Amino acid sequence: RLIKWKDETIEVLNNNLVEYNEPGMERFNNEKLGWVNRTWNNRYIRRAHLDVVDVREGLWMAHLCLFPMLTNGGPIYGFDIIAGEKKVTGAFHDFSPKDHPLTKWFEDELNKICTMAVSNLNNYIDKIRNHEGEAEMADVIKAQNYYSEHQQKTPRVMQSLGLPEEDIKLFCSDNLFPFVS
């Protein structure tokens, strides 16, 4: 089901955004560590990042975050699931925002959660468009960074996933919630 939610997630991103190679991320697509990191963007979403660790030899985690463009004041789609096998230990999801309309709009528990996240994504990519230009660039940068500061400081789960300590500090600081100029 986690793999299904992943393919459904990738299909949505391919149908609305365009994939690009973010500088530095090539250091974190390692087939031996089951590490895949992929980023998309479009006019309305500056960054959409899919981080998947497939290490069932035994855990399995995924991270998905979407930042809107810099004149938009919309929330941040965020979905984080760590389960591995036989059990879902951690699950997180919301449209982290101030007040905003898109926020106000909002093996069974794994079935519904994944269906929601997949359907909440398709709906996020649609409604976020309606908020282009409603904010000033400086304040949007400040808001998104403040979210990146508080969420950059993960290391334990990545240590749990068996990722090198050096790559962890490299990934968490430069290619997870990057700051914008």
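Residues carry their position along the shown sequence, with the first being 1.
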query: Interresidue gap class [residue 31, residue 32; deposited sequence, unmodelled]; finding: none
query: Length class of the unmodelled deposited segment, which would lie between residue 153 and residue 154; finding: 1 to 3
query: 48 to 56 versus 138 to 146 - which carries the larger mean C-alpha B factor in the record; finding: 138 to 146
query: Residue stretch of maximal mean CA temperature factor, 82 to 90 vs 68 to 76; finding: 82 to 90
query: Largest Cα B-factor, entry values, listed residues 62, 125, 113, 36; finding: 113
query: Chain third (lowest, middle, highest) by recorded CA B-factor, residue given as residue 21; finding: lowest
query: Relative C-alpha B-factor of residue 119, binned into the chain's lowest, middle or highest third; finding: highest
query: Ranked C-alpha temperature factor of residue 168 among modelled chain residues, by third; finding: lowest
query: Among modelled residues of the same chain, the CA temperature factor third for residue 10; finding: lowest
